[PDB]
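I have placed the structure first, in the form of structure tokens, so that the comments after it can refer back to it.
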Amino acid sequence: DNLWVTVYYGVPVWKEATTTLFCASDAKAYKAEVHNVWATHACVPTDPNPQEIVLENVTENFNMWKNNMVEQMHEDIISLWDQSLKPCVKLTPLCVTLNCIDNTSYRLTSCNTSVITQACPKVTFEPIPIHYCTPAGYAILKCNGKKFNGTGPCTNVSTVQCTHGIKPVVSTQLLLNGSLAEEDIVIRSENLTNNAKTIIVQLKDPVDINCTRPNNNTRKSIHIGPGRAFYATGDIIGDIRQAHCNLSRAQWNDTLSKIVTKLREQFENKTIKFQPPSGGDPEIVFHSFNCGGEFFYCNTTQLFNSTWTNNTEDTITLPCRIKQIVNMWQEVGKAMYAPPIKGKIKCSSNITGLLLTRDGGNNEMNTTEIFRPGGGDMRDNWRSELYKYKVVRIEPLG
Amino acid sequence: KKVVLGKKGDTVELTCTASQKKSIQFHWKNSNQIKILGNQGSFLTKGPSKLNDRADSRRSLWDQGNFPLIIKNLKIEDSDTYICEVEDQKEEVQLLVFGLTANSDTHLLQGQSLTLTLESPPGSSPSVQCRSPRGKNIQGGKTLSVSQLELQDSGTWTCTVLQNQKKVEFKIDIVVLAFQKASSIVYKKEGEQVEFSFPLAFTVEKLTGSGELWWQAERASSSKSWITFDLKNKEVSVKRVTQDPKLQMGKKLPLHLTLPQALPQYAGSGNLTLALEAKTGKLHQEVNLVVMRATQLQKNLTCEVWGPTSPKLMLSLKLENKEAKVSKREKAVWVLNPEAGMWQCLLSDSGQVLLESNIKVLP
Amino acid sequence: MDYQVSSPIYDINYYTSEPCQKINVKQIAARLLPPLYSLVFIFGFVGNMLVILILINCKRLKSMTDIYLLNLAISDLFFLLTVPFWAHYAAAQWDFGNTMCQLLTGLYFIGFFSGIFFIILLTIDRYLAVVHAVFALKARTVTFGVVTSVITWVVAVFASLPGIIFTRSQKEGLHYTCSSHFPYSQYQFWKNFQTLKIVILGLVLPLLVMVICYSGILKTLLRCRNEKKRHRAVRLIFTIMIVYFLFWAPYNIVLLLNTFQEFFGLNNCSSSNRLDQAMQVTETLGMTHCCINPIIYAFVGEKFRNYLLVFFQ
Ligand SMILES: *[C@@H]1O[C@H](CO)[C@@H](O[C@@H]2O[C@H](CO)[C@@H](O[C@@H]3O[C@H](CO[C@H]4O[C@H](CO)[C@@H](O)[C@H](O)[C@@H]4O)[C@@H](O)[C@H](O[C@H]4O[C@H](CO)[C@@H](O)[C@H](O)[C@@H]4O[C@H]4O[C@H](CO)[C@@H](O)[C@H](O)[C@@H]4O)[C@@H]3O)[C@H](O)[C@H]2NC(C)=O)[C@H](O)[C@H]1NC(C)=O
Ligand SMILES: *[C@@H]1O[C@H](CO)[C@@H](O[C@@H]2O[C@H](CO)[C@@H](O[C@@H]3O[C@H](CO)[C@@H](O)[C@H](O)[C@@H]3O)[C@H](O)[C@H]2NC(C)=O)[C@H](O)[C@H]1NC(C)=O
Ligand SMILES: *[C@@H]1O[C@H](CO)[C@@H](O[C@@H]2O[C@H](CO)[C@@H](O[C@@H]3O[C@H](CO)[C@@H](O)[C@H](O)[C@@H]3O)[C@H](O)[C@H]2NC(C)=O)[C@H](O)[C@H]1NC(C)=O
Ligand SMILES: *[C@@H]1O[C@H](CO)[C@@H](O[C@@H]2O[C@H](CO)[C@@H](O)[C@H](O)[C@H]2NC(C)=O)[C@H](O)[C@H]1NC(C)=O
Ligand SMILES: *[C@@H]1O[C@H](CO)[C@@H](O[C@@H]2O[C@H](CO)[C@@H](O)[C@H](O)[C@H]2NC(C)=O)[C@H](O)[C@H]1NC(C)=O
Ligand SMILES: *[C@@H]1O[C@H](CO)[C@@H](O[C@@H]2O[C@H](CO)[C@@H](O)[C@H](O)[C@H]2NC(C)=O)[C@H](O)[C@H]1NC(C)=O
Ligand SMILES: *[C@@H]1O[C@H](CO)[C@@H](O[C@@H]2O[C@H](CO)[C@@H](O)[C@H](O)[C@H]2NC(C)=O)[C@H](O)[C@H]1NC(C)=O
Ligand SMILES: *[C@@H]1O[C@H](CO)[C@@H](O[C@@H]2O[C@H](CO)[C@@H](O)[C@H](O)[C@H]2NC(C)=O)[C@H](O)[C@H]1NC(C)=O
Ligand SMILES: *[C@@H]1O[C@H](CO)[C@@H](O)[C@H](O)[C@H]1NC(C)=O
Ligand SMILES: *[C@@H]1O[C@H](CO)[C@@H](O)[C@H](O)[C@H]1NC(C)=O
Ligand SMILES: *[C@@H]1O[C@H](CO)[C@@H](O)[C@H](O)[C@H]1NC(C)=O
Ligand SMILES: *[C@@H]1O[C@H](CO)[C@@H](O)[C@H](O)[C@H]1NC(C)=O
Ligand SMILES: *[C@@H]1O[C@H](CO)[C@@H](O)[C@H](O)[C@H]1NC(C)=O
Ligand SMILES: *[C@@H]1O[C@H](CO)[C@@H](O)[C@H](O)[C@H]1NC(C)=O
Ligand SMILES: *[C@@H]1O[C@H](CO)[C@@H](O)[C@H](O)[C@H]1NC(C)=O
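Protein chains in written order, with the entry's author numbering: chain G, 31 to 131, 187 to 398, 407 to 491; chain A, 1 to 363; chain B, 1 to 313.
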């Protein structure tokens with residue numbers, strides 16, 4: 031068990047610290063769930079009595095895209111995927127050194198393809214909310230402003246000892262399970278009008294999504310009689326790598342109608358035109374989430390086609414497809430997996446955020462706004478969660 | 001910034017520099033600020049441009065510090081400058097593509113004019129600097145045209161373009177359809193069978209060929225005697241040409257313009273015109289024939305030479321035991337009071353006997 | 001620089017802890033079944049029509065046994081009229097839709113179930129004739145033979161009536177198949193409810209008849225040997241029963257094993273991969289039985305082709 035002591039009163043000079051934090055999640059330590067196994071060997075139980083000391087008159091410049099704390103979580107989830115889904119073939123590139131003598190030719194074609202073969206057991210998979218807690222001597226601040234602007238200074242700074250519920254869910258084009266906005270859908274981006282930084286859009290209302298596969302692959306009709314030998318029962322008849330999702334159109338249309346109102350105020354009365362993405366990797370062109378080793382690659386072309394104009398006011410069939418050979422977001426290379434499993438898999442998920450890029454240009458005339466879906470950089474996935482916090486070290490005179 | 005060159009279709013390598021070695025985010029934008037490629041974690045995002053199915057990048061080099069830009073099927077309109085974006089920096093690069101070709105594919109006969117077609121991008125000043133195996137480093141503007149193109153000027157010519165101290169090499173496809181002679185002269189005597197032969201060099205194509213041989217007889221102004229023949233595949237067939245010369249032509253591409261007996265009126269100049277198509281054009285070649293007529297009129301003899309004779313030649317009539325009984329520079333020399341012997345007539349040209357004809361006198 | 005991951009091929013198989021590559025065994029069987037089934041249909045059609053011509057006009061069906069022999073040949077014809085369809089079903093697929101599939105499936109089992117039902121009636125008629133000779137004479141009226149047969153056909157229809165509950169055919173697998181899709185909600189009940197009905201009615205019940213009836217008949221053989229023709233008549237009915245058992249009981253045993261691959265029997269997939277080559281052979285052996293009963297009549301039967309037995313020897 032762990033234990034730390036409070037600070038009754040301290041307002042000294044603040045200095046940005048880069049110390050090593052310890053996780054703290056509510057595990058179980060008995061099930062065969064992987065996140066319960068990982069939290070048992072490296073995490074501690076959650077704080078039963080948290081304390082948030084509110085600072086009346088205190089301000090600070092919370093820069094968020096230069097936060098070194100999200101660089102630690104990104105190196106703590108890569109340590110979980112090497113203990114959760116062991117790939118059958120882990121193909122990764124490996125080059126060494128080839129240069130000539187910038188002034189001399191830079192033809193580097195020496196690269197080795199190292200392959201690793203491991204056992205592939207299909208294991209359970211479900212995220213668990215964790216709490217990152219500060220070590221001895223440091224403190225974690227937290228703004229309470231309902232807008233917070235991204236890298237802008239707030240005024241309602243309060244200090245804590247552990248963060249809120251953070252799930253390690255890995256997804257693209259739609260931020261899954263996590264925290265919601267307070268009062269209004271806000272947008273966050275490091276720099277607008279430079280069309281390189283992704284725009285994080287956080288929602289204030291949870292849009293639900295149900296992703297399941299129908300159990301009709303195996304046949305239940307019996308040809309009891311002349312046949313019953315070749316076409317015998319339990320024979321696969323359907324595609325075992327096909328699924329479908331559903332989105333409540335009457336509820337999702339409200340939340341998207343609030344996103345375009347924020348853009349109009351920000352970008353001075355333009356024609357918001359959403360579009361499908363411009364191509365690339367199948368983890369970028371399509372949606373990508375995980376449910377028990379089932380890596381749903383959901384076609385979202387019937388989700389971002391619609392163009393917009395002013396005066397704005407049921408079951409969208411989202412076609413998904415399970416692909417075995419997937420790209421690894423952690424490092425260059427691929428990872429071939431195992432065949433899918435026997436039974437109904439249901440992903441009764443949430444939608445809390447939205448990752449959007451921007452297509453600006455000067456060849457195109459004065460007014461257009463193209464917002465293609467982006468994401469894929471998993472550091473940007475948890476910058477949408479660790480935006481309120483900051484690790485600062487306060488020296489003690491004692 | 002540096003500059004590279006394209007070769008109208010191949011790939012080009014445009015690299016950036018990064019000394020951080022952390023696989024940080026990169027981008028690829030033109031002068032019009034249009035995304036083409038970009039880093040997304042460890043993933044590749046083909047940006048919204050006109051180079052979607054063309055731009056490529058080597059992912060194995062991303063953990064080194066070098067980020068290439070591989071663009072296949074280089075067109076002329078793709079010439080633009082591209083800036084990099086790593087560690088908040090703008091590594092500006094430049095790119096230029098151009099091309100060069102001809103218009104006549106295979107019908108480049110011996111003595112046919114040459115035409116080029118340079119495809120240079122707008123906003124640039126190229127300079128044609130070719131290289132020929134005959135030592136012709138012909139330099140000029142952008143469009144180059146040469147009147148001379150023969151069988152000895154075929155081959156892949158190395159034409160390079162110097163611009164901003166950069167140059168790349170190219171090749172030129174030349175198919176030369178030529179003859180192997182400018183002017184043949186055949187020296188025969190009265191009675192001897194005359195043979196003509198003018199070769200070509202194994203070109204295979206569709207319906208292409210038809211031509212004719214014009215003739216100018218000596219002192220016979222009655223023109224319009226020729227022979228017209230058609231060409232289609234391995235095979236030679238006369239269409240129809242009719243007239244005083246019994247010209248028989250062979251059935252194979254080594255054309256044998258055969259003439260039965262060298263009659264004295266069958267001598268003079270001539271032009272052989274061959275015409276192929278798919279790219280029309282006409283070849284030309286000179287044909288000549290010289291006829292000697294040695295026949296005694298009575299107990300005194302007289303010999304004459306017909307044909308395109310030179311004003312420098314000689315003529316001699318000797319009884320082959322002693323020396324020449326007469327030597328003149330004409331075409332009709334006579335000998336009165338000959339003797340017994342095998343009389344020889346000598347046609348020559350500054351050193352060397354061309355024609356020889358034997359005849360006997362009975363006393 | 002040279003990565004070897006480029007393969008679009010996939011396998012239609014679930015993930016288990018024992019990979020079992022089960023071979024389809026349809027093509028090898030499709031080059032053996034259509035000529036065999038056609039040969040069965042050739043011999044079976046001309047075989048049974050002769051047994052129908054002879055009894056109707058040469059024998060005169062003057063007795064209850066001849067009536068059951070007629071109906072047994074008719075039951076074989078109902079089996080036979082489906083044989084060319086199954087011949088053209090291993091070879092390619094099911095081209096006949098489904099509206100006719102609720103009839104053809106029924107006609108298959110009407111041929112099957114009534115087939116053993118009249119053989120049992122043949123056994124009981126000969127059992128009554130030998131032991132209860134007073135009782136048999138009162139009840140062996142040809143009139144009573146007809147009404148017994150009519151009931152026997154009705155029961156044979158009802159014995160296939162659960163199979164006609166659902167015969168819907170949809171494209172599952174390579175080509176449309178007509179596999180009965182009985183209700184999913186009570187799925188475990190109906191599946192076990194079908195294995196027993198073939199085994200009890202087709203194997204257990206005639207075995208129980210054979211034990212009971214042929215113990216009373218063999219008692220006559222122990223007492224005296226005075227009448228050869230009584231002993232020779234039992235040889236006909238006895239042969240029909242055992243040739244039915246030689247050709248159908250291997251299927252009945254395997255059919256129990258087909259459903260019971262659980263703890264009751266064998267659980268290995270390789271045990272079910274030899275079993276995949278066992279069910280089709282014993283079903284094929286059962287298919288050949290419909291032409292054997294006229295062949296038995298030309299060898300055992302001393303009333304139909306008795307002069308051929310002397311002429312052959
Ligand atoms: C965002 O957050 C949401 C939470 O709101 C989360 O949804 C939850 O996802 C998990 C992960 O799939 C779900 O957990 C599964 O639930 C099913 C169904 O549980 C139901 O149980 C009863 C009976 O129906 C209901 O009353 C009840 O309400 C539940 O709905 C379980 O069956 C699953 O367990 C099986 O699968 C595991 C992994 O395959 C096995 O390890 C486990 O042993 C079970 O295996 C059995 O079935 C397999 C079927 O293939 C078979 O292969 C095995 O051999 C064995 O027979 C599993 O626990 C949970 O239900 C979801 N929550 C809700 C409310 O539905 C999202 O997933 C999350 N987003 C992301 C991206 O993670
Ligand atoms: C600055 O941040 C602090 C963070 O604590 C804010 O204090 C919190 O204010 C909310 C209301 O805005 C309080 O919620 C209310 O609490 C009462 C009593 O618990 C409850 O009955 C209400 O239903 C409601 O939930 C919250 O308790 C309070 N936090 C604490 C620790 O007391 C403060 O309001 C912020 N100031 C500004 C100007 O935004
Ligand atoms: C049982 O599994 C099958 C497939 O394994 C599922 O069928 C699929 O259903 C969707 C919609 O219900 C079909 O999409 C539609 O296809 C038609 C024809 O191409 C098109 O015109 C429509 O616009 C729509 O896209 C899909 O094609 C179909 N798949 C097949 C192979 O037929 C079925 O949904 C599963 N059962 C249950 C209860 O879910
Ligand atoms: C929200 O953030 C934006 C930029 O991220 C801030 O805009 C800048 O504000 C400073 C002073 O605060 C000015 O000097 C700059 O000229 C502003 N730049 C632009 C592009 O507007 C904005 O002030 C922030 N809002 C709050 C309330 O802090
Ligand atoms: C966001 O990016 C833009 C570029 O798209 C930056 O604007 C440049 O600012 C510098 C100095 O202020 C000027 O010299 C450039 O001419 C500007 N470029 C353009 C296109 O306007 C802007 O400063 C960036 N903002 C932040 C906060 O980083
Ligand atoms: C997801 O959407 C599909 C498409 O409507 C739903 O499928 C229908 O389900 C109803 C049952 O409520 C059936 O009566 C329809 O026939 C189905 N349609 C088709 C085309 O098959 C599906 O039920 C939805 N799933 C959820 C969980 O809402
Ligand atoms: C996705 O699934 C959830 C839960 O299975 C559905 O949520 C329920 O929806 C019904 C009516 O559809 C409501 O009466 C319940 O109160 C809901 N429960 C919860 C916990 O939300 C949801 O409707 C499904 N979405 C779609 C589009 O089918
Ligand atoms: C997904 O969205 C649903 C929307 O109803 C969430 O359900 C509510 O969540 C709040 C927050 O904890 C609870 O106080 C409510 O009691 C929940 N409602 C019901 C009917 O249970 C749900 O929690 C969201 N999922 C996650 C993982 O946050
Ligand atoms: C904080 O600011 C408020 C202004 O409303 C003031 O009343 C209060 O005294 C300040 N707090 C301290 C500790 O000075
Ligand atoms: C290539 O990779 C293999 C496997 O990791 C290794 O054994 C070998 O030494 C490597 N070769 C080079 C040149 O790096
Ligand atoms: C842009 O929108 C603002 C909203 O406050 C409005 O005041 C302004 O007039 C609009 N400008 C144009 C050109 O429509
Ligand atoms: C998007 O919708 C429009 C109609 O609103 C349609 O014309 C267009 O084809 C759709 N986009 C795609 C990619 O099909
Ligand atoms: C916005 O709405 C007004 C009326 O509500 C309309 O006149 C105007 O044209 C609309 N704007 C655009 C860009 O269509
Ligand atoms: C969705 O929003 C658009 C915005 O103009 C509106 O026209 C449409 O009617 C909305 N659909 C539903 C089902 O509310
Ligand atoms: C865009 O703005 C420029 C400068 O204000 C103007 O010259 C041009 O006409 C505008 N474009 C259109 C389509 O009106």
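Note that beta-carbon positions come from the ideal geometry of N, C-alpha and C, so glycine has one too.
Listing by chain order, which chain A residues have their CB less than 7 angstroms from the CB of residue i?
i                 : result
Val-425 (chain G) : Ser-42, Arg-59, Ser-60, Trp-62, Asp-63
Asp-187 (chain G) : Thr-17
Please state whether the Cβ-Cβ distance between residue i and residue j is less than 7 angstroms.
i                 : j                 : result
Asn-301 (chain G) : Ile-321 (chain G) : no
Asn-331 (chain G) : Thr-408 (chain G) : yes
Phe-359 (chain G) : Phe-464 (chain G) : yes
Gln-110 (chain A) : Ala-178 (chain A) : yes
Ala-159 (chain B) : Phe-113 (chain B) : yes
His-216 (chain G) : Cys-118 (chain G) : no
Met-1 (chain B)   : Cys-196 (chain G) : yes
What span of residues does the beta strand (DSSP E) with residue i cover, start to end?
i                 : result
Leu-255 (chain A) : 255-259
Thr-346 (chain G) : Element bounds for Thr-346 (chain G): not the beta strand (DSSP E) but the alpha helix (DSSP H), 334-352.
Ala-428 (chain G) : 427-429
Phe-193 (chain B) : Unbroken run through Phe-193 (chain B) is the alpha helix (DSSP H), 187-199; no beta strand (DSSP E).
Compute the Euclidean distance between the alpha carbons of residue i and residue j, then round it to the nearest angstrom.
i                 : j                 : result
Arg-140 (chain B) : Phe-312 (chain B) : 35 angstroms
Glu-218 (chain A) : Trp-226 (chain A) : 15 angstroms
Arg-329 (chain A) : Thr-208 (chain A) : 47 angstroms
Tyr-82 (chain A)  : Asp-470 (chain G) : 24 angstroms
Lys-252 (chain A) : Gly-307 (chain A) : 29 angstroms
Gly-230 (chain G) : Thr-445 (chain G) : 19 angstroms
Residue i versus chain G: which residues are under 7 angstroms apart at the beta carbon?
i                : result
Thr-11 (chain A) : Simply none; closest approach about 13 angstroms.
Show which residues of chain G have a CB atom less than 9 angstroms away from the CB atom of residue i.
i                : result
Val-25 (chain B) : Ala-314, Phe-315
Just curious, the alpha helix (DSSP H) that residue i is in, first and last residue?
i                 : result
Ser-38 (chain B)  : 33-54
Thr-123 (chain B) : 101-130
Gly-145 (chain B) : 142-158
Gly-286 (chain B) : 269-287
Along chain B, which residues have their Cβ under 8 angstroms away from the Cβ of residue i?
i                 : result
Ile-321 (chain G) : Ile-12, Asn-13, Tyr-14
Item checked: Three CB pairs or more closer than 8 angstroms across the region 418-429 of chain G and the region 51-69 of chain A -> Verdict: yes, contact present.
Margin query: Is it the case that the region 272-283 of chain G contacts the region 254-262 of chain G, given that we only count it when at least three CB pairs across the two stretches are under 8 angstroms?
Written below: In this structure the region 254-262 of chain G does not lie against the region 272-283 of chain G, because fewer than three pairs of beta carbons, one per stretch, are closer than 8 angstroms.
Note to self: Taking 8 angstroms as the cut-off, does the region 13-29 of chain A touch the region 70-87 of chain A (at least 3 CB pairs, one atom from each stretch)?
What the structure shows: Yes, the region 70-87 of chain A is in contact with the region 13-29 of chain A.
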